[PDB]
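Heads up, the thing below is written out as structure tokens.
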Amino acid sequence: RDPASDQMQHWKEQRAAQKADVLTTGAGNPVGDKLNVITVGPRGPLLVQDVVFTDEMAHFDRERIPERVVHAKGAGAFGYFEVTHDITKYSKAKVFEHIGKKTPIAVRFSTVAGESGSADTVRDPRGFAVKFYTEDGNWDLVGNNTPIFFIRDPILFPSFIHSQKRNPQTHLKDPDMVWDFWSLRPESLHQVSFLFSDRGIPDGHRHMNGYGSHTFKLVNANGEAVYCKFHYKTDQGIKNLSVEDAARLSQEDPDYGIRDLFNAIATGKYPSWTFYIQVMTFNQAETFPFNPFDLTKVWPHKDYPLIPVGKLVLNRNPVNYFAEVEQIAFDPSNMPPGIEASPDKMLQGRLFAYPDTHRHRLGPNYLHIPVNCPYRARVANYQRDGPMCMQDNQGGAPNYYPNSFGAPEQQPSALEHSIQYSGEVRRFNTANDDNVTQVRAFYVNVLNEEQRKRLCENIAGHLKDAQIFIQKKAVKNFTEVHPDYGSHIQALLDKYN
Amino acid sequence: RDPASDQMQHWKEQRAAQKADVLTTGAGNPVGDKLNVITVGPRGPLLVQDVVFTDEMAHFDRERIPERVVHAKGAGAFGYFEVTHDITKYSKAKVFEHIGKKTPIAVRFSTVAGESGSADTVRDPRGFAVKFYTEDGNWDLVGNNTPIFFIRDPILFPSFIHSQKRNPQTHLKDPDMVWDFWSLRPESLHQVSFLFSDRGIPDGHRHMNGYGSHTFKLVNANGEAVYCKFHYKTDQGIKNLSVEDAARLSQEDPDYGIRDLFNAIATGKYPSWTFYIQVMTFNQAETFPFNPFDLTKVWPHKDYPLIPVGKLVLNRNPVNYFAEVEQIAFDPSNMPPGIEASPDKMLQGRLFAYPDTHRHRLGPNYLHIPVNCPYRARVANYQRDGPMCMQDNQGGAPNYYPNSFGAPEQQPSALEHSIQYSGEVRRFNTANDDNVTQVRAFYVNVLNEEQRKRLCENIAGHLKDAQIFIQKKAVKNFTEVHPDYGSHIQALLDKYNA
Amino acid sequence: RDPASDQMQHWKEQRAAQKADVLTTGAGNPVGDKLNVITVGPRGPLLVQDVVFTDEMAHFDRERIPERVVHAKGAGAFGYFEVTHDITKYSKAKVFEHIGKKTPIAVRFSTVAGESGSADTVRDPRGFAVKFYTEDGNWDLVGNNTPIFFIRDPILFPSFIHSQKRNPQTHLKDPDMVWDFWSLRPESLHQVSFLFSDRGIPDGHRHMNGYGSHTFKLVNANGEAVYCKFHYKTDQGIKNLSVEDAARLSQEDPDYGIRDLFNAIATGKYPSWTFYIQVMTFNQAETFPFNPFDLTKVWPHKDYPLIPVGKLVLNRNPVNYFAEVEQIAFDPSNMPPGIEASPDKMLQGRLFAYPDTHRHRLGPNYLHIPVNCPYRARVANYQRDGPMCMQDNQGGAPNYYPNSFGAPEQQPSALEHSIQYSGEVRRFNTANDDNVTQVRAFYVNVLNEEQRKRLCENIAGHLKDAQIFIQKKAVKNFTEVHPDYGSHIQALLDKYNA
Amino acid sequence: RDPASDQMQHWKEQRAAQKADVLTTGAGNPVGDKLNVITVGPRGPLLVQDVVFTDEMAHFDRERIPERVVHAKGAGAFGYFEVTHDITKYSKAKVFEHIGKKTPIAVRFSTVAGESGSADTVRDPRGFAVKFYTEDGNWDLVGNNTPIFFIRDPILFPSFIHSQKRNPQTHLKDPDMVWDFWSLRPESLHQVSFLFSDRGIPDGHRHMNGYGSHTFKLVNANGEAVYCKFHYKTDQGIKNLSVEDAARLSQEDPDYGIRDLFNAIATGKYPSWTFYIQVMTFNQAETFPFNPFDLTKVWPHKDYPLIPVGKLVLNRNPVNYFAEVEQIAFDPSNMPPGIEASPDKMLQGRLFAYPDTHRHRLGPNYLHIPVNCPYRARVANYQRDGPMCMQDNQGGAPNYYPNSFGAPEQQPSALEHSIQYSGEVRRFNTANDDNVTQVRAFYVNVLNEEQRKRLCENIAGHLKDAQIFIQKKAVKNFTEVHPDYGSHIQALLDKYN
Ligand code: HEM
């Protein structure tokens with residue numbers, strides 16, 4: 001059968017010659033019998049001194065860790081990034097230092113709202129997270145399959161996640177929550193139009209693009225800084241699943257994406273993505289018609305063309321899923337010198353959110369789980385102890401800074417880039433920014449007639465389950481985007497109602 | 001629109017008169033604005049001073065707790081147990097003390113292998129766990145929808161659970177693991193025959209029976225002990241979903257059971273169960289043809305009739321799912337005086353397994369989560385502290401026993417019943433016990449022709465995905481049960497393999 | 001016998017009439033016998049079904065939580081704050097709203113570096129943390145017994161804490177670490193001079209002052225803001241322990257402060273503190289000779305007089321130490337409307353550091369441990385779940401914002417005060433700020449001859465154990481403060497080294 | 001200066017030639033400046049963008065783990081055990097398999113009741129825990145400096161521990177609790193007499209003996225079983241501190257034992273212990289005048305002589321205290337084939353108590369913290385996942401047993417020895433066992449006049465702080481042991497009162 005079906009057979013075939021290992025306890029003590037327990041006679045009660053049973057049973061009882069608060073259902077793979085073009089005039093990061101340089105990568109794909117156990121082929125944004133193991137530490141590009149997101153302020157993210165998830169009382173998916181949140185926040189129209197198009201259900205993880213979706217800052221060796229976007233487009237082509245096909249697959253094969261990626265890598269059909277950047281100077285960031293740090297906007301390709309950088313290749317399947325996929329952690333704040341953060345508020349909130357959730361989910365010392373370790377860099381600092389400190393704890397080195405005993409020193413060349421900001425320190429309302437121009441451009445100029453009609457059908461078929469007043473508010477926003485948009489959606493809703 | 005769809009509308013309607021509450025932080029400080037963050041200028045970076053954002057963000061980051069290692073996907077409800085018949089001659093537990101007395105209950109239904117997010121209408125055993133809030137402490141009857149289980153020794157339970165879950169490398173369901181484990185352990189044939197019949201997919205949680213699968217010990221006020229089984233049959237009738245209907249429902253409505261139970265309770269259609277016991281004397285346990293403490297065997301009804309006890313009724317929906325259903329914990333060791341454990345090895349392992357996993361999953365002080373608290377009895381002991389110690393940590397009372405300062409004292413009437421056992425202390429092999437007699441009885445006498453044909457078709461349609469040698473071993477076990485069983489399964493496998 | 005010695009006798013005396021409680025398990029099941037375990041025969045092995053022993057033992061195995069990373073050794077008490085003067089022109093916080101208003105408080109005193117188990121009467125700064133339970137949420141004033149601290153940048157705090165604690169290899173106190181850090185960072189001279197004076201060892205917790213030590217921002221109802229300091233001076237008088245007396249007490253009574261506070265409150269001798277503020281306008285902050293947000297500086301009293309505000313009274317002893325003292329958590333970010341943070345970098349770091357460490361030490365839901373709960377305010381937000389959720393989890397209320405179903409709304413009057421800042425966003429060096437002027441003022445004008453000579457003796461007696469080059473660097477800093485300071489310390493060091 | 005105080009100087013001297021390391025974050029990213037934070041101008045507020053500060057600060061905030069519920073204050077060392085005599089007729093354990101074989105060991109010394117920060121030189125029992133790294137798994141001999149203990153039933157251990165610690169309200173040491181518990185349970189008289197003698201305060205950890213204190217079962221290769229006791233006597237000699245000297249040292253040097261052990265090993269003065277066993281046949285365990293599995297009784301030397309086995313030597317100091325001493329865990333259930341548990345009820349309770357508390361204190365995967373790992377054995381079983389799994393999660397091997405794919409198998413030779421027991425299954429009262437015979441033997445025949453007088457003075461000076469009726473009950477128990485004992489204690493109490 002398929003290589004995923006033959007995992008145990010393949011393992012047995014590689015271990016055909018050798019004799020089976022001796023079964024031991026967690027402390028290495030050999031086990032005499034692990035099929036029966038110690039009782040007082042044949043029909044008597046169990047004994048405490050059966051420590052083999054207790055040792056196995058307690059560890060079984062402690063197997064689960066909390067799942068991710070979002071993107072719980074996921075698939076992992078490994079490979080490398082290779083440089084194909086020179087962009088050293090924009091960035092001085094070691095990952096781009098010369099043409100042909102290779103950096104090992106780790107990649108996790110995921111959905112957003114479904115828990116670990118839900119189906120892969122549902123309408124949802126897709127996570128595309130890449131971990132670069134560079135000599136200047138780990139670089140995490142925690143991206144999506146869309147260049148934009150629903151909201152533009154990080155304080156609304158927990159509310160959006162709650163509204164996309166189950167009702168707090170009935171534990172059911174509630175369209176009222178979803179559509180009340182979306183109609184009260186019309187800045188989500190762009191990503192809603194993206195989500196309900198054909199690209200909302202990709203045909204596996206190999207047939208979709210990846211976007212960092214934030215503005216980032218590139219600094220070169222001379223100290224000059226530019227703003228950038230990150231793109232990586234699939235070399236396999238964009239492929240999508242129809243609504244009926246996805247509905248069938250969700251029942252027949254709830255793990256469609258995992259099986260597809262594993263069977264592709266196992267047969268040597270390695271998927272690749274071509275890595276691009278967009279570049280915006282500060283002067284033309286001043287004159288951009290929108291806010292260039294707004295997560296609901298893209299940079300048009302005519303004014304900001306793609307610049308090739310390299311390519312991402314995935315050629316290795318995980319050996320153990322729990323150790324390499326479930327325990328992997330991506331922190332957007334993991335940036336080497338040459339890559340920095342832009343003043344995008346969403347990115348600013350993400351700078352705190354991810355290590356904070358990783359400490360809770362995995363542990364304070366999660367950075368030295370082997371899949372998360374920066375094994376191509378040298379870690380030396382004044383941090384000590386913590387639960388599950390699996391090292392020499394940096395030995396007997398001095399643990400305070402500054403000192404006069406030869407402990408590690410700071411590197412002045414790794415200093416951040418300086419920007420002067422104007423304005424007072426307060427909360428600025430961004431709910432009334434431009435919400436319809438790029439949505440109108442997508443509706444009129446990007447989609448053709450059939451894609452547009454399918455998008456309207458999908459929106460109506462999801463929105464018809466909500467209350468009437470939420471329907472009117474959503475239709476009002478859609479009519480603000482385009483009158484035909486709202487009118488078609490309202491006609492389909494009238495048919496449903 | 002069903003009442004489940006109108007949850008927010010109903011909540012808004014009960015609060016029509018009142019003005020909305022003031023939005024505060026976790027420390028109660030009122031919040032000025034929670035739609036925008038604090039930046040230096042309109043297009044500047046974020047400030048640490050925005051403690052409102054950090055306070056909400058970290059709590060959102062800490063929302064998830066580890067799911068149950070088994071029975072992760074579940075549905076909760078609440079109600080009461082009522083006594084309708086007198087069994088005081090068998091047990092002295094306060095829950096059965098007189099006819100007509102009521103005890104509040106909490107119930108969780110669940111599947112077994114699927115995690116959170118998996119579908120409800122799949123072929124699986126169903127959990128039926130009942131928590132009695134009794135004045136003599138909490139009593140947990142952690143039952144299933146089948147009277148039997150796959151294995152009879154508790155040390156094989158982690159291996160069986162692993163074999164029914166995802167492959168450790170590919171993270172996929174692996175028929176090889178499932179059927180290799182089942183063919184290497186032929187004592188699972190009885191529960192496999194149960195599982196692949198029509199009752200493997202119940203039509204919601206209201207149309208299925210509940211069984212305390214282990215044998216238990218009942219002690220009366222005179223110190224006499226008997227062995228017992230627990231049954232509670234649905235008053236709604238047994239109803240099952242066909243394979244095609246369940247397949248359609250799994251993708252159309254993955255939360256079919258939760259919605260069904262909630263909409264039943266919300267409309268006033270309260271599901272009910274009739275509570276029964278089987279009773280075996282110790283002489284009858286000596287003369288029983290099998291081991292009476294074997295989890296792969298039942299007590300036949302013609303020799304051990306059902307004795308009515310009471311009624312289980314569920315009439316209240318959960319108010320908050322996470323606090324009442326996700327955080328509820330059932331410990332089989334929670335037994336009041338009058339109810340004890342039998343020497344069933346599975347039950348003995350479960351006596352340790354559940355509080356240990358509860359301490360891991362919820363916390364050391366999980367017993368004082370409000371849904372888990374024994375609020376109808378009085379807690380007084382010499383246990384102190386631990387993480388999240390609420391109330392007053394039993395005040396300044398003496399924390400050592402014995403003492404001379406009026407601290408709580410042991411109650412001699414609550415002493416366990418004493419039994420003399422014979423034999424050596426070692427591991428006794430039970431893999432070669434009788435594995436086919438009751439399976440043959442179920443195959444020949446219980447099922448009719450159509451149910452038998454569907455059972456064979458289901459078994460073949462699952463086993464076809466396994467390797468050839470595992471197929472032959474499983475067919476050998478089925479032929480050991482009955483020649484026609486194995487012959488039909490092999491013929492269907494031959495059709496599938498070509 | 002003191003009342004602390006008679007705790008158990010008193011508890012027995014209040015329970016003279018009533019009969020002792022029944023000893024139960026954690027689930028409320030009555031215990032037959034808790035002095036012997038279940039064995040097969042008198043000389044046989046232990047049984048799993050002895051669940052009483054397992055429950056008690058497993059709970060005993062989990063009663064330790066991690067201690068505080070600093071201020072581990074501490075003492076707690078409770079009382080109230082009362083307003084005696086009108087400061088409504090400066091702040092609109094409800095805690096100061098009218099004269100005579102009372103607010104319940106909780107107070108923890110502590111040392112800094114010693115772990116839970118170390119002695120009380122050692123040379124160290126003392127923590128003085130006050131938690132106000134106001135109707136606008138909880139307000140925590142996490143203060144010290146000194147108005148200043150050793151460093152002025154929050155990124156050096158873990159290094160300073162490590163240097164004051166045990167060596168990473170030998171696990172011993174290492175004067176090399178302490179004095180190398182202090183000599184490499186000359187900004188610590190002011191707080192070092194404070195620490196090695198007579199007030200470095202107070203005579204219990206009732207004979208010492210308390211300082212917020214940070215500049216804070218007070219905003220009134222009209223939107224005008226001022227900068228403020230917080231003071232609360234002991235009404236019992238400043239009293240200190242000599243070096244020899246403290247050394248004797250450390251081994252004779254390692255819990256001197258706890259016993260002193262408990263016996264004071266138990267006999268009705270309630271300690272009191274008078275609450276003051278200093279007020280700086282923004283123009284005065286512009287014209288201040290130093291940085292007014294520097295943690296190594298004080299505001300001189302002749303230019304910024306004390307303004308009386310209120311009264312802190314402690315009159316209730318803790319009932320259970322672990323529940324009310326070990327589990328209490330103070331967050332400087334807990335500020336009601338009318339009180340805000342200043343741009344002091346140390347305060348900015350603390351704003352993140354304290355809830356972050358509370359989530360790890362106590363749990364994500366630590367704010368609803370009863371001693372930490374804002375029980376005089378109404379908590380309503382969109383935060384849900386988390387481990388050990390011990391309420392209705394806010395029921396079935398909508399959990400997203402904004403919504404259209406009557407869920408809690410933001411309060412616009414609780415918005416923060418707005419300030420425009422100038423300059424680039426980068427790291428600014430503050431190591432070369434003024435380090436010796438206020439230290440010289442303290443050395444020359446505050447201390448008399450005997451206090452000065454004792455201070456020099458204490459400094460030399462601690463610094464003698466360090467290496468020679470660190471001794472020269474420290475002596476160089478002391479000579480920078482004053483030539484006689486450094487010369488006296490060097491002469492005493494010369495005597496010690498020979 | 002002692003070598004302990006020159007730790008940083010020594011580290012700097014071994015790192016004199018090399019250049020200092022570059023200071024990085026936990027993810028390996030080089031740090032530009034770690035002395036100042038990022039603010040909005042010289043006097044502005046702090047930025048979230050300062051991820052270096054947050055990364056260091058959160059880890060500092062997560063440094064502490066819960067201390068041990070008992071024996072919190074401790075000192076660690078490392079070395080080896082060597083076989084000097086042949087006892088293979090009693091045991092088939094690989095650790096004793098031939099003369100001259102070495103096995104690496106890890107040792108922790110500790111007090112009992114004091115927490116971290118408390119003084120070393122106080123009157124208390126001393127823990128002497130030895131971890132053998134054996135090719136048949138790890139063997140932990142969790143011993144004490146006394147052959148006996150206060151109680152004989154494991155269900156009273158939490159009550160005794162609570163009574164020896166702080167009052168639940170005042171958080172102070174309460175003599176009422178201690179002496180009420182001791183007078184209500186007169187089986188503690190033997191260990192109380194031991195504790196209040198001169199050996200209650202050892203002169204460091206090198207001048208004291210070690211005892212397993214339990215009866216254990218030794219099984220040879222032919223299946224024959226015997227009962228045994230474990231002894232290891234100090235080759236440095238028994239040395240004790242006087243009450244006044246210990247009181248002075250507690251104030252002056254609260255870490256006297258740690259410094260003494262470290263400076264002994266650092267200067268090459270390696271402490272050693274001689275390893276002995278007592279042997280009781282199953283026939284003569286029936287005719288023993290007491291219960292041979294009673295923790296309040298010893299086996300007399302004239303009837304059960306010591307049999308030499310080997311030497312315990314400590315020659316290596318810890319490199320990092322937290323990783324090697326604070327995180328080390330000893331499980332009495334860690335026993336290789338050839339060593340088993342006896343029906344001692346205290347040992348049976350300890351079989352459950354220690355792994356249960358280790359899972360809470362350190363983590364579910366505490367057995368693979370490097371100091372706890374059985375690195376000289378091969379670990380292979382069907383346990384998977386759990387928090388903080390750091391090696392491979394045993395790869396893609398089959399995780400269920402039995403299987404048909406070559407996974408590890410049980411070893412029938414490692415089966416336990418089987419014993420038939422008689423009697424009912426219930427709770428048997430052991431409070432009325434013999435409580436005074438061996439105490440009387442110790443009082444009359446072991447101690448001389450001066451030691452006896454000092455013991456009486458110490459007991460009186462501790463008991464005078466308790467209430468009067470507790471004093472009478474304790475005096476009644478002491479008079480039961482010997483009339484002169486109780487009369488002297490009562491006269492001293494009368495002087496105090
Ligand atoms: C029923 C009786 C006992 C129980 C339940 C018990 C329980 C415990 C527990 C929970 C710990 C904490 C371990 C850790 O957190 O690392 C501990 C430590 C310890 N116990 Fe016991 N104990 C008992 C009696 C004894 C006896 C009889 C001995 C010696 C003969 C002993 C010697 C020790 C030692 C040396 C340690 C420190 C181990 C280390 O250095 O990590 N205990 N005990």
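Values below: every heavy atom of this structure, side chains too, minus hydrogens, waters and symmetry copies. In what follows, every chain begins at residue 1, and chains take the letters A, B, ... in the order their sequences are listed.
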Contact leader toward chain D among [options], where contacts are heavy-atom pairs under 4.5 Å:
{"options": "A:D55, A:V425, A:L47, A:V48", "value": "A:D55"}
{"options": "A:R64, A:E63, A:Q420, A:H10", "value": "A:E63"}
{"options": "A:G406, A:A380, A:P364, A:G137", "value": "A:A380"}
{"options": "A:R359, A:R15, A:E56, A:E13", "value": "A:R359"}
{"options": "A:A377, A:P387, A:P343", "value": "A:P387"}
{"options": "A:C373, A:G349, A:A397, A:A341", "value": "A:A397"}

**Prompt:** Should D:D392 and A:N320 be marked as a side chain to side chain donor-acceptor pair (under 3.5 Å) after you check the CA-CA gap, both sets of side-chain angles, and the distance that decides it?
**Reply:** CA-CA 7 Å; D:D392 37 48; A:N320 185 282; over 6 Å; no
For a 4.5 angstrom cut-off between non-hydrogen side-chain atoms, does [X] reach [Y]?
{"X": "A:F322", "Y": "A:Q327", "value": "yes"}
{"X": "D:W139", "Y": "D:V95", "value": "yes"}
{"X": "D:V219", "Y": "D:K217", "value": "yes"}
{"X": "D:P337", "Y": "D:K92", "value": "yes"}
{"X": "A:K34", "Y": "D:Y382", "value": "yes"}

**Asked** Where along residues 407-416 of chain D does a heavy atom come under 4.5 Å of chain A, listed by residue number?
**Response** D:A407, D:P408, D:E409, D:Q410, D:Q411, D:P412, D:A414, D:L415, D:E416
**Message:** The test is side-chain contact (heavy atoms from CB on, under 4.5 Å); show your working for A:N372 and A:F330 and say whether it passes.
**Reply:** CA-CA 8 Å; A:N372 293 326; A:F330 302 89; over 6 Å; no
**Request:** Could you walk me through whether D:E67 and D:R361 pass salt bridge (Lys or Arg N to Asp or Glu O under 4.0 Å), step by step?
**Result:** CA-CA 7 Å; D:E67 77 185 3; D:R361 176 166 75 79; over 6 Å; no
Using heavy-atom distances under 4.5 Å, tell me whether [X] contacts chain D through its side chain, its backbone, both, or neither.
{"X": "A:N403", "result": "neither"}
{"X": "A:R62", "result": "both"}
{"X": "A:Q7", "result": "side chain"}
{"X": "A:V51", "result": "side chain"}
{"X": "A:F405", "result": "both"}
{"X": "A:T134", "result": "neither"}
{"X": "A:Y366", "result": "both"}
{"X": "A:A16", "result": "neither"}

**Prompt:** Do A:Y375 and A:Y133 make the cut of ring centroids closer than 6.0 angstrom?
**Reply:**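 A:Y375 vs A:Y133: aromatic centres under 6.0 Å.
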**Request:** Could you tell me which portion of D:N365 (side chain, backbone, both or neither) has an atom closer than 4.5 angstrom to a non-hydrogen atom of chain A?
**Result:** both
**Prompt:** With a 4.5 angstrom heavy-atom cut-off, which part of D:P355 approaches chain A: side chain, backbone, both or neither?
**Reply:** neither
Residue selection (most heavy-atom pairs with chain A, distance under 4.5 Å) from [options]:
{"options": "D:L362, D:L35, D:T54", "answer": "D:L35"}
{"options": "D:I65, D:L347, D:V22", "answer": "D:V22"}
{"options": "D:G386, D:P374, D:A20", "answer": "D:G386"}

Hey, what do you get for [atom1] ([X]) to [atom2] ([Y]), rounding to the nearest 0.5 Å?
{"X": "D:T25", "Y": "A:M335", "atom1": "OG1", "atom2": "CE", "result": "12.0 Å"}
{"X": "D:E326", "Y": "A:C389", "atom1": "CD", "atom2": "SG", "result": "12.0 Å"}
{"X": "D:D356", "Y": "D:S333", "atom1": "CG", "atom2": "OG", "result": "11.0 Å"}

**Message:** Run D:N393 and A:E324 through side chain to side chain donor-acceptor pair (under 3.5 Å) and show every step you take.
**Reply:** CA-CA 9 Å; D:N393 211 7; A:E324 283 145 278; over 6 Å; no
**Request:** In sequence, state the C-alpha distance, the side-chain angles, and the governing distance for D:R350 and D:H214, and then conclude on side-chain contact (heavy atoms from CB on, under 4.5 Å).
**Result:** CA-CA 11 Å; D:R350 286 178 89 212; D:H214 282 294; 3.3 Å; yes
**Prompt:** Is a side-chain donor-acceptor pair under 3.5 Å present for D:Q394 with D:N381?
**Reply:** yes
**Request:** For the residue pair A:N29 and D:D136, confirm or rule out a side-chain donor-acceptor distance under 3.5 Å.
**Result:** no
**Complete:** Tightest non-hydrogen contact, residues D:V371 and D:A323, listed as CG1-O, 3.6 Å
**Fill in**
By residue number, those in residues 36-45 of chain A with heavy atoms under 4.5 Å from heavy atoms of chain D are A:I38
**Request:** Determine, step by step, whether A:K94 and A:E135 satisfy the salt bridge (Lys or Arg N to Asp or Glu O under 4.0 Å) criterion, reporting the C-alpha distance in whole Å, the side-chain angles of both residues, the deciding distance to 0.1 Å, and the verdict.
**Result:** CA-CA 7 Å; A:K94 282 174 155 57; A:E135 312 108 316; over 6 Å; no
**Item:** Worked check of side chain to side chain donor-acceptor pair (under 3.5 Å) between A:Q348 and D:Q49
**Value:** CA-CA 7 Å; A:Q348 291 287 310; D:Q49 260 166 184; 2.9 Å; yes
